[PDB]
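Remarks on the structure that follows.
Virtual Cβ from ideal backbone geometry, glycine too; neighbours counted across all protein chains shown. Every read-out reported here was derived from the displayed coordinates using simple, explicitly stated rules and does not represent laboratory data.
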C-alpha cells in the first residue's frame, strides 16, 4: 500500500509516517527543509526496512504539489492513502494585529495545501485500478472551540471539516473515503507550546497537559487499516485534562 | 482490567466484549435473555480463555443496576471500563402514532440505562484505588442526522451526546474519562446478508451498505487501550457509502 | 392565528405569550399552578385585548395533553403555532447523587412533554385546512456545552435537538415547520438583579451576565412571523459576555 | 448608528442594506462595480431618506479594505455594525477540476474579506467611544452540510463558523458581539442533489433574511444571536444524503 503524509518530517506527521511504515506501507513524506526530511526518511526506513521517500514540497504551491504527485505516481503507480497533515500557527497576537503575510501563510499551509493534495489524490485514486483510496485530514480541537487570539488558525481548521465532508461526499461513488482526526495537545516534549504556555478562555497564559504523539499515530493507523467500505468520518483524540468540554 | 459491557450478549456489544476479552480484560456482560447471554459468555470465554461473566439485567431498573454493580464490586472490587451499549431501536412509525409505552420504553433503553450505569461507574471509580476509569458511550449517527419516523430514537441518541459531554466534564478531575462512538450501519454478517430495508430521507425503503462488527470492536479496543490521560472524546465509524454526509 | 405556549404562565414562556398576543395571536398558555396561570392570562389579555386562555395542565401526562389539545380544537378548531417551552432545571448535585425521581422528573419535564405536544400538534396540523403550522422548541445553551453537575439537563436539552431534527424532517411534506431556540442566560429583571451564582467549568460559583426576557420573546415573534415555507431551523440567543464560546 | 454591508450592491446584501437603511442606520455598501453600486445606493437612499454611501472595494484586497474603513472613520468617526456579506460560489465542477484561480478567488471572497473587514472593525470599535459594536457574518447552509462538487464553497463557509466563534470570543471584553447567519436557498433553476441529479429547490425571499439580520442588530451589545439558520423549510438538509 502506498501512503503520502504531508508535513511528515517532524512532530505528529513523522510519528504517523513512522507507524505507517512499520505496518508495511511505502511512505512518502513532505516538508520544506531537506535536511530534516532526509534525516527522517533515513531513520524511519532505517528502523522498518521499508521504503521511505522524502519530497521537499510547499503544499501552498500548485506546481510543487503537482510535481510531488507526479513523482509518487512515477515511482509507485498508485496512491492508497493521503494524510493531509501540513500546517502551521500564527503567534497568538490580537486579531487586528495579524499581518496579511501571516494570514496568507496560514491559509496556504492549513487549507489551500490540504485542498490541492486532495485534488491530485482524487485524480490518482479515480484513475488507478483497483480504483479508490483514503484521505485523512488532520484537523484540530480548534475545529470545535477556539483559544483566544486564534481567528486564523480557528478559521482554517473549521474549513478543514468542511473539506472533509465535501470530500467524503464527492468521493463516495469512487471508493474514496475521507475522514478527519481532531487532535488535542499531542507533543513530543515539553518544548511544545502547551508546556510553554497557551491562552485560556480568560485570556491568561498557562501550561496544559499533553499526550505522546504515539497515540495519534496509533489512531491514524487504525483509521487507515479499515477497508475502503468502512470509514472513520471524524475522531477527536486529546489530552483528557485539557480544557474543552466546559464553558469558557 | 475489569470491563462491563451492557447489552453485550448480542451484535455490536458481543463483538466489543469478545475483542476486550481477547485483549486480556476480565469482561462482564448484561442482557435480558439468559440462554443467549450464557451462550455468548461461554463462547467468548472459550476462545479467549479469560473470565467472561454474564448477568441478566434490565439496565433501566435502578435496583437491578445496583445489584449489577454490587456483583461486580464483590467479585472484582473495581471497574476500569464501562461500555454503555445497551439500547434498542424501534420499527419506524409515523411520529404521532408512537405509543406512550413505546416512547417510555425507548427512553429507558436508550438513555436511562446508560445514565444509571454511568452513575454507578462514577461512584465505583471515584472510590476505588487506584481511582479512575473510562466510560465509553455507544451513541449513533442518529445523534447527528435522523432517518424519517425516528423522533424517539434520534432524541435519545442526541441525548447520549450530552451525557458523554457532562460525564467528561464532571469526571475530568477524578481521572474518569468518557467518550462516544457513533456507529453507522454495523452488522453481523448474517444480519447484513439479510439486506433489510430502511427508510431513506425521501421516505422510500432501500437496503444500505454495512460494515463488520469487528471494526467497531477494534475501535472500542483502541479507545479503551489509551491511558487515562488520553481520550477519544468522540468518533464516527461507518459504512462509507451509506447516505449521511450529503443533504436529505 | 392560534398559538399554544406550554409553561406560558411564567418567565420566558410568559414573555413569549405576551409578545404573541401583542401580535394578534390567540394564545393558549399552560402551567401547573392555577392562580399563577389565571393571573398571567388576565394580565396579558388586559394589555392586548386578545384572547388568552389559561389551561392548567401537566404536559408530562399523556391524558392531560390530550384534553389540552381537545380543549384547543373545541375552541379554536386549529393550531398554527406550538411553542414547547415547559421545562425545568434541577438544582445541581453530583452526577451520582441524582435520584431516580429527579431523573424521571427532568426527562418528563424537559423531553417527554415536548414530544407529546408535538404529537398532538402533528395530528391537528395535518388534519386542518389548510394544513400545516409551526413548532418552536425551547432548547438551551446546554444543548451545546454543559455546566458541571448537569448531566440530566444537558442530556434532555441535547435530546431536544434530536427531536427538532426529526420533527423538521417528518413534518416537511405536511407543511409543518420545526425550529429550535437555544437560550443563554435570559432572565426576568427580578431574577437577574438577584445575582444568583451558577457553576463555572472549574467548579467555582459565580453570577453570570444575563439578558432581558423581551429579547427571546422578540426572537420567537420573528420565527413565527415567517410564512410556513420559511423557517428558522435554529438560533442561539445569549448574554454576549457569559462564558460559553471559549474552552472550559 | 453606523452600518457597513460588504457586497451590499446586489442580492442578499442589498436587501440587508435596504432594511438597515429603513431602520435609520447610515449605511455604507461595497462592491467592485461602481455603476451598480452607485445606483443601488441611490435607490435605497431615495426610499428611506437616510445616508447610503457606495465605496468601490474588493474585500480580498488588504489595501482597499484599509482604505474603505479609513473612509468610514473619516466621515462617521465610528462603526456600530459590520455585515460581512460579500462572497461567491464556484461552479459545481468535479473537485479535481476546480482551477487554482477559482480556488484563490473563493478563498479571498468568502474568508479573507470577512477576516480583513473584521480586523478593521475591531480596531475602530476598540478605539471609538462608546466603544464596541456588532459583527454579523453571512455564512451558509454549507457550513453544516455540503452539496456534491462544492469543496471550496463548503470549506470557506465552514471557515466562517470558525471566524465567528473566535471573533465572539476575542470580542467579549471589548463590548464587541459577533454572530453568524446561515441562509438556505435565498432567492436572488436546478441545483445538485446528494445523488448527483439536478433538481430545483424551494427558496425564501431576501426580505426574510434581511428581517433576521435586522433583528440580530436590533439587540443591545450585551445580547447576541451567536448563530441562526434561516432557510426554505422544504429544501433538503435535515435528512441523510
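Quick look at the values:
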| quantity | calculated |
| --- | --- |
| Cα centroid separation, segment D:15-38 to segment A:63-119 (Å) | 37 |
| Normalised contact order of chain A, rounded percent, pairs of Cα under 8 Å and 6 or more residues apart | 18 |
| Rounded if a/c under 1.5, otherwise prolate or oblate - the protein assembly as shown, Cα gyration tensor axes | oblate |
| Cα-based helix-to-principal-axis angle, A:62-76 vs chain A, degrees rounded to 10 | 40 |
| Ranking of C:233, D:221, D:111 by count of other Cβ atoms within 10 Å, fewest first | D:221, C:233, D:111 |
| Residue among A:62, A:91, A:212 with the largest mean-square fluctuation in a Gaussian network model of chain A, springs linking Cα atoms under 10 Å | A:91 |
| Computed E for residue D:1/residue C:214 - FRET, C-beta separation, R0 25 angstrom, nearest 0.05 | 0.80 |
| Top of C:147, C:32, C:47 by mean-square fluctuation, Gaussian network on chain C, Cα under 10 Å | C:47 |
| Average other protein chain Cβ within 10 Å of Cβ, residues C:132-142 | 1 |
| Helix A:113-127 axis, angle to chain A major axis (alpha carbon atoms, nearest 10°) | 20 |
| With Cα atoms, 0 to 90° folded angle of helix B:213-225 axis to chain B main axis | 40 |
| Residues A:115, A:100 arranged by fewest to most Cβ contacts within 10 Å | A:100, A:115 |
| Helix-only mean residue ellipticity at 222 nm for chain C, each DSSP H run of n ≥ 4 adding -39500 (n - 2.57), per residue, nearest 500 | -13500 deg cm²/dmol |
| 23 Å tail of the calculated P(r), chain B, as % of Cα pairs | 48 |
| Semi-axis lengths (Å, descending) of the ellipsoid that matches the C-alpha gyration tensor of segment C:1-146 | 27, 18, 14 |
